[PDB]
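J.: sequence first, structure after, both from an experimental entry:
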Amino acid sequence: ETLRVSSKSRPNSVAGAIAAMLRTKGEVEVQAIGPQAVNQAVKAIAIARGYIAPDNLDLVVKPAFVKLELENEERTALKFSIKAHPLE
Ligand SMILES: [Zn+2]
């Protein structure tokens, strides 16, 4: 499942969505275009570790480049493939 983050996204809100998906599907992908959206995305993933720790879960991430579209042009974006790992 994919979650898109922009420069105005709120880290905590996105983190909650990452957490919910990690608890259900066990994985999720986060995509962002540009420095600010990427920054907000990293913060969100970092915060998401705090939401799932209580559920005995942590996560690992793998970044990659991916071509997406921003108002119909093609743009190079960064995506984070996130996987949940059990702590016990
Ligand atoms: Zn692990």
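T.: Done, it's in. Numbering: from 1, shown residues only.

J.: phi and psi next, for residue 10.
T.: phi -90, psi 120 (degrees, to the nearest 10).

J.: helices along this structure, start to end?
T.: 11-24, 35-52 (DSSP state H).

J.: among these, single out whichever gets nearest to residue 5.
T.: Of all the helices of the chain, it is helix 35-52 that lies closest to residue 5, at 4.3 Å by C-beta to C-beta. To be clear about C-beta, it is placed using only N, CA and C from the backbone, and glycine gets the same treatment.

J.: using PDB, list the CA coordinates for that closest one.
T.: The C-alpha coordinates for helix 35-52 follow below in PDB (Å, rounded to 0.1, in the frame of the first residue of the first chain):
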ATOM      1  CA  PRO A  35      13.800  17.800   0.100                       C
ATOM      2  CA  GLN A  36      10.900  19.000   2.300                       C
ATOM      3  CA  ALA A  37       8.600  16.100   1.500                       C
ATOM      4  CA  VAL A  38      11.500  13.700   2.000                       C
ATOM      5  CA  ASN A  39      12.400  15.400   5.300                       C
ATOM      6  CA  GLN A  40       8.800  15.200   6.500                       C
ATOM      7  CA  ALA A  41       8.700  11.500   5.400                       C
ATOM      8  CA  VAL A  42      11.800  10.500   7.400                       C
ATOM      9  CA  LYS A  43      10.500  12.200  10.500                       C
ATOM     10  CA  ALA A  44       7.200  10.300  10.100                       C
ATOM     11  CA  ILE A  45       9.000   7.000   9.900                       C
ATOM     12  CA  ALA A  46      11.100   7.800  12.900                       C
ATOM     13  CA  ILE A  47       7.900   8.700  14.800                       C
ATOM     14  CA  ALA A  48       6.100   5.600  13.600                       C
ATOM     15  CA  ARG A  49       8.700   3.500  15.600                       C
ATOM     16  CA  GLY A  50       7.200   5.000  18.700                       C
ATOM     17  CA  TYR A  51       3.700   4.100  17.800                       C
ATOM     18  CA  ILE A  52       4.400   0.400  17.200                       C
END
